[PDB]
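Peer 1: Here it is, the structure, as structure tokens.
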Amino acid sequence: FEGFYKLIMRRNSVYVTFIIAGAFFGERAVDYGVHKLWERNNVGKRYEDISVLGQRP
Amino acid sequence: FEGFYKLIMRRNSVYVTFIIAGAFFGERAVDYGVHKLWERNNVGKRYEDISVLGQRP
Amino acid sequence: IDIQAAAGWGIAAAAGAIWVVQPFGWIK
Amino acid sequence: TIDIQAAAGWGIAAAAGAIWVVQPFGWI
Amino acid sequence: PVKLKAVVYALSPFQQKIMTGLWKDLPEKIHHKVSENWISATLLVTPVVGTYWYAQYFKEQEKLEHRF
Amino acid sequence: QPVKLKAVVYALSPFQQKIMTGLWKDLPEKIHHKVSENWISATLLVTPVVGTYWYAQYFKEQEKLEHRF
Amino acid sequence: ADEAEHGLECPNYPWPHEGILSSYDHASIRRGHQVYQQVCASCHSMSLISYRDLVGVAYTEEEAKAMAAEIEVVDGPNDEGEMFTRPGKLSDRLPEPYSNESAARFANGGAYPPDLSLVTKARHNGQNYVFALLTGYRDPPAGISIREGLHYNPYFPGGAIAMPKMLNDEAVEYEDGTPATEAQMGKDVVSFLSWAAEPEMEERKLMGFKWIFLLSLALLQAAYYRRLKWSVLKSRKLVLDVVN
Amino acid sequence: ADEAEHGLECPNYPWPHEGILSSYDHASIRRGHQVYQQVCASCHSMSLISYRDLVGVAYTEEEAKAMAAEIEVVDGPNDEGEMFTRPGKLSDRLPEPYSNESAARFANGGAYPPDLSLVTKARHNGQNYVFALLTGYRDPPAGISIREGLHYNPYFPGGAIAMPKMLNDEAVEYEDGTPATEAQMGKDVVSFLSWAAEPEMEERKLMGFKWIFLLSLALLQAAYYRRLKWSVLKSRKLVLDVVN
Ligand code: HEM
Ligand code: HEM
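So the sequences go chain by chain: AI, BI, BJ, AJ, BG, AG, BE and AE.
Sequential numbering of the first sequence, starting at 13, is according to the authors' numbering.
Sequential numbering of the second sequence, starting at 13, is according to the authors' numbering.
Sequential numbering of the third sequence, starting at 18, is according to the authors' numbering.
Sequential numbering of the fourth sequence, starting at 17, is according to the authors' numbering.
Sequential numbering of the fifth sequence, starting at 5, is according to the authors' numbering.
Sequential numbering of the sixth sequence, starting at 4, is according to the authors' numbering.
Sequential numbering of the seventh sequence, starting at 64, is according to the authors' numbering.
Sequential numbering of the eighth sequence, starting at 64, is according to the authors' numbering.
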């Protein structure tokens with residue numbers, strides 16, 4: 013990991029920015045993955061899958 | 013006279029009781045004296061000085 | 018010096034209780 | 017001449033954190 | 005700690021009069037208070053009083069001018 | 004009061020050692036050590052709770068049957 | 064220009080309750096409440112005042128009980144879930160003349176008669192202002208015209224008030240026989256309004272005189288205690304070697 | 064007596080919204096709501112639910128807009144000061160069948176049809192109890208008599224409920240053509256009642272899976288950090304002079 017060390021860990025300002033980006037992108041990726049699992053486990057149960065949606069007299 | 017007097021300046025327990033008693037009697041006397049002067053300065057303006065007190069119709 | 022002080026401080030405590038709480042009428 | 021680079025490096029971190037706490041993607 | 009060389013004589017509080025010093029040398033006390041602070045009192049009172057009277061003078065003239 | 008001491012201590016850098024492998028090492032003996040030393044303590048804690056709980060369910064079951072016509 | 068928008072200043076009147084050792088005139092409060100019942104209460108509400116408040120101040124318990132029982136208070140629901148009316152009790156508040164603010168404005172030309180519970184405290188120089196406003200209905204100065212539905216009153220800001228002159232001679236019959244002149248009724252109702260805004264004044268004033276006197280005595284002791292402790296320092300003689 | 068006092072225990076049903084990654088069946092929520100507004104709403108209130116709450120859950124915005132417009136909501140007072148009536152809006156709460164609690168008891172033989180906004184959270188085993196109660200109307204056991212006006216339900220504590228049986232076959236007509244059997248309506252209505260008690264559940268469950276997973280990674284890193292800082296202490300060699 014010394015190649016990555018020489019680029020990110022050398023300065024604490026860069027290391028702090030790396031942590032900020034990792035929290036930003038990492039949380040977005042986990043959020044996307046959780047939503048994919050949520051959709052796959054609940055097929056046909058969402059509000060968008062109501063057959064008579066928009067057809068109330 | 014001398015019996016209470018010598019106990020007051022010699023024992024703090026007696027002196028504390030003397031302070032408590034003075035606060036009790038001193039405040040009551042002031043409260044009585046203030047009310048007497050209040051009554052003297054407001055003759056005829058009291059609730060029980062109303063002439064028609066007791067005959068609404 | 019121990020019994021007399023205990024009696025004196027108990028008397029002050031009782032006087033303080035009668036002074037803070039006024040049980041006039043409860044003395045029946 | 018490294019205090020200036022320290023300021024620029026920390027300025028990027030402050031900018032990166034600001035876009036991270038407040039995420040104004042719907043405003044830009 | 006500061007090294008100090010001094011001799012101090014003190015008298016018991018119960019061997020001296022406690023309150024009569026309040027009204028001793030009263031003319032000197034008043035003269036010292038007035039003579040040392042008359043410039044200070046002037047610098048505080050004059051701008052406040054002068055500004056206050058000018059505003060009342062301004063209001064009186066403005067009020068009279070709008071009358072018929 | 005500070006303590007006067009005579010010892011020699013040798014220590015190694017944290018970056019020269021494996022950090023996590025020691026948790027899963029001699030696992031069976033940790034399970035042996037935990038069970039063999041603490042089995043009396045676990046008995047004195049679990050037995051009164053289970054014994055009292057079982058007795059209450061036994062009491063309520065016989066009582067419920069006694070009130071049935 | 065701006066002389067009218069503030070309105071005419073009110074003079075200072077020697078109210079019987081003014082002074083550090085002065086109480087309310089309880090006979091005047093009872094008369095003032097009668098003025099409220101027959102004149103003010105038609106369009107003014109007193110929602111912070113209840114009939115039990117008058118007991119021991121202007122009426123006895125039985126007098127206030129009978130007075131409350133003469134009104135109808137909305138109560139319920141009953142066991143069937145329907146609202147009903149019942150005679151009032153001591154704990155009931157003074158009745159409201161209108162169902163809501165909108166009903167009050169519609170019945171008064173769009174102006175809302177304010178609640179009079181705290182009116183003497185809710186205006187500058189409240190006791191004097193209310194008396195001057197009540198007895199200050201007069202013809203407008205030359206060059207001033209008043210629109211239809213309003214009345215001129217210099218004490219009211221702007222000079223145009225939506226309330227008519229309500230305090231006319233003999234408008235109320237007093238049970239004590241005092242002549243019910245405009246000034247007598249005006250003085251009495253302000254006295255009643257003053258008590259309603261500050262029902263604790265007599266207790267507050269009595270506490271003030273006693274405790275300011277006691278604290279002044281403690282201040283004399285506090286000065287003596289400070290000077291006694293500091294006397295050993297203030298009378299000290301310090302001998303040093305320095306000269307300049 | 065002994066066992067009737069607590070009632071018969073409800074079973075455990077496999078609800079579609081049970082599970083760490085399971086959502087509500089939004090088609091069953093819409094079906095359950097139609098049951099409520101056609102059967103339950105005549106005697107039960109849902110005072111915590113608004114028409115805007117159903118938007119994005121079971122109805123479109125215009126579907127709920129039209130729904131609210133069908134009801135008459137008290138409003139006012141107007142400029143003249145009278146309470147009037149207006150069509151309902153999205154922000155309006157669901158209508159109350161009765162004007163107050165006493166009116167509800169009078170219409171139901173002294174029993175109050177409680178608010179159903181949190182009923183599945185206000186009972187032990189809420190979802191299962193409500194479904195079991197609705198579909199659990201049957202004959203009493205031998206030797207047990209019910210008073211007139213009371214109906215036997217073993218799941219109800221005491222066995223005597225003032226509720227009559229209302230989930231009769233074909234009591235409602237579904238928009239999607241689903242056969243409205245008693246068990247089907249009972250499952251839909253609990254699904255709608257479950258959502259009303261916990262409308263945030265879907266967001267809550269998504270948050271839980273996300274953050275419990277993320278914190279588990281932090282726990283693994285926390286152990287490495289602690290064991291890295293302590294390794295210099297735990298692997299150290301200590302030479303001392305004592306033996307015994
Ligand atoms: C003795 C009887 C009454 C007293 C003492 C009284 C007192 C007051 C007071 C203190 C004000 C407010 C003054 C201010 O805004 O600075 C007021 C306003 C008003 N009162 Fe009365 N009131 C009485 C009777 C009435 C009656 C009988 C009516 C109607 C028939 C009425 C209608 C109004 C209206 C409409 C206002 C609002 C005036 C405006 O906004 O310009 N009042 N009253
Ligand atoms: C599908 C329609 C309905 C559902 C799902 C429903 C739901 C419920 C629930 C959950 C309870 C609580 C039971 C308990 O407290 O243990 C209850 C009680 C009650 N319901 Fe409703 N309700 C419905 C319709 C009705 C109707 C139509 C009436 C009257 C005609 C009614 C009258 C009552 C009464 C009187 C009680 C209280 C009974 C008692 O406490 O003895 N309900 N209901």
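All residues carry an ideal CB built from backbone N, CA and C; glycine is no exception.
List, in chain order, every chain AI residue whose beta-carbon is nearer than 7 Å to that of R93 of chain AE.
Peer 2: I62
Peer 1: Leaving out five residues before and five after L84 of chain BE in sequence, what residues of the same chain have Cβ atoms less than 8 Å from its Cβ?
Peer 2: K268 and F272
Peer 1: Using DSSP with H/G/I as helix, E/B as strand and the rest coil, what is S113 of chain BE?
Peer 2: strand
Peer 1: Closer than 9 Å, Cβ to Cβ, to anything on chain AE: give me those residues from the stretch 212-231 of chain BE, in chain order.
Peer 2: Considering only beta carbons, no part of the stretch 212-231 of chain BE lies closer than 9 Å to chain AE.
Peer 1: Consider the C-beta atom of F194 of chain AE and the heavy atoms of ligand 2; say whether any pair is separated by less than 7 Å.
Peer 2: no
Peer 1: Which residues share a DSSP beta bridge with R149 of chain AE?
Peer 2: Answer is AE:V136.
Peer 1: Give the range of the beta strand (DSSP E) segment to which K57 of chain AI is assigned.
Peer 2: Note, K57 of chain AI: premise wrong, no beta strand (DSSP E); not H, not E.
Peer 1: Less than 8 Å between CB atoms is the rule here; does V6 of chain AG satisfy it with respect to chain AE?
Peer 2: no
Peer 1: For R23 of chain BI, which three-state DSSP category applies?
Peer 2: Of the three classes helix, strand and coil, the one that applies to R23 of chain BI here is coil, per DSSP.
Peer 1: Is the Cβ-Cβ distance between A223 of chain BE and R210 of chain BE less than 8 Å?
Peer 2: Taking 8 Å as the Cβ cut-off, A223 of chain BE and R210 of chain BE qualify as a contacting pair.
Peer 1: State buried or exposed for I62 of chain BI, treating a residue as buried only when at least 16 other CB atoms are found within 10 Å of its CB.
Peer 2: When all chains shown are included, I62 of chain BI counts as buried.
Peer 1: Does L291 of chain BE come out as helix, strand or coil in the three-state DSSP assignment?
Peer 2: helix
Peer 1: At a threshold of 7 Å, does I224 of chain BE count as lining ligand 1 (C-beta to nearest heavy atom)?
Peer 2: At least one heavy atom of ligand 1 is nearer than 7 Å to the Cβ of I224 of chain BE, so yes.
Peer 1: Assuming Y175 of chain BE and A185 of chain BE form a contact by the criterion Cβ under 8 Å, report the distance between their Cβ atoms to the nearest whole angstrom.
Peer 2: Actually they are not in contact, since the Cβ atoms of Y175 of chain BE and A185 of chain BE sit about 14 Å apart, beyond 8 Å.
Peer 1: Would you say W36 of chain AJ lies against chain AI (beta-carbon separation less than 8 Å)?
Peer 2: yes
Peer 1: Does any residue of chain AE have a CB that is nearer than 8 Å to the CB of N24 of chain AI?
Peer 2: no
Peer 1: Is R201 of chain BE helix, strand or coil by DSSP?
Peer 2: Three-state result, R201 of chain BE: coil.
Peer 1: Which bits of chain AE does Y59 of chain AI rub up against, with CB to CB less than 8 Å?
Peer 2: Within chain AE, the residues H89, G119, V120 and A121 have their CB atoms less than 8 Å from the CB of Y59 of chain AI, given in chain order.
Peer 1: For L301 of chain AE, which beta-bridge partners are listed by DSSP?
Peer 2: Under DSSP, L301 of chain AE shares a beta bridge with AG:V12.
Peer 1: Using the DSSP secondary-structure output, state which residues sit across from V118 of chain AE in a beta bridge.
Peer 2: Secondary-structure assignment with DSSP links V118 of chain AE through a beta bridge to AE:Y122.
Peer 1: What does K273 of chain AE touch in chain AI if you count any residue whose Cβ is under 7 Å from its own?
Peer 2: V42, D43 and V46
Peer 1: Could you name the residues of chain AE that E143 of chain BE contacts, counting a contact when the two beta carbons are closer than 9 Å?
Peer 2: Result: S165, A166 and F169.
Peer 1: Leaving out five residues before and five after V305 of chain AE in sequence, what residues of the same chain have Cβ atoms less than 7 Å from its Cβ?
Peer 2: none
Peer 1: According to DSSP, is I28 of chain BJ helix, strand or coil?
Peer 2: helix
Peer 1: Within 8 Å of any Cβ in chain BE, is that where the Cβ of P242 of chain AE sits?
Peer 2: No - not a single Cβ of chain BE is within 8 Å of the one on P242 of chain AE.
Peer 1: Counting only the same chain and skipping the five closest in sequence on each side, list residues whose C-beta sits under 8 Å from that of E238 of chain BE.
Peer 2: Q97
Peer 1: Could you check where the alpha helix (DSSP H) with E32 of chain AG kicks off and where it finishes?
Peer 2: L30 to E69
Peer 1: I need the DSSP call for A286 of chain BE, collapsed to helix, strand or coil.
Peer 2: In the structure shown, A286 of chain BE sits in a helix (DSSP, three-state: H, G or I).
Peer 1: Could you pull the start and end residues of the alpha helix (DSSP H) that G95 of chain AE belongs to?
Peer 2: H89 to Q101
Peer 1: Of all the CB atoms in chain AG, is at least one closer than 8 Å to the CB of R290 of chain AE?
Peer 2: yes
Peer 1: Please tell me whether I32 of chain AI has its Cβ less than 8 Å away from any Cβ of chain AJ.
Peer 2: yes
Peer 1: Straight-line CA distance for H70 of chain AG to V137 of chain BE?
Peer 2: 54 Å
Peer 1: Chain AI partners of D239 of chain AE, CB-CB under 8 Å?
Peer 2: Contacts between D239 of chain AE and chain AI, judged by CB atoms closer than 8 Å, involve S63 and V64 in chain order.
Peer 1: Please determine, among AE:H214, AE:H107, AE:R94 and AE:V295, the residue with the shortest C-alpha to C-alpha distance to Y59 of chain AI.
Peer 2: A check of alpha carbon separations from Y59 of chain AI across AE:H214, AE:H107, AE:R94 and AE:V295 identifies AE:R94 as the nearest.
Peer 1: So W258 of chain BE is in the alpha helix (DSSP H); what residue range does that whole segment cover?
Peer 2: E245 to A260
Peer 1: Runs of 4 residues minimum, wholly inside the stretch 159-203 of chain AE: which ones carry the alpha helix (DSSP H) assignment?
Peer 2: Segments of the alpha helix (DSSP H) lying fully in the stretch 159-203 of chain AE: 164-170 and 189-197.
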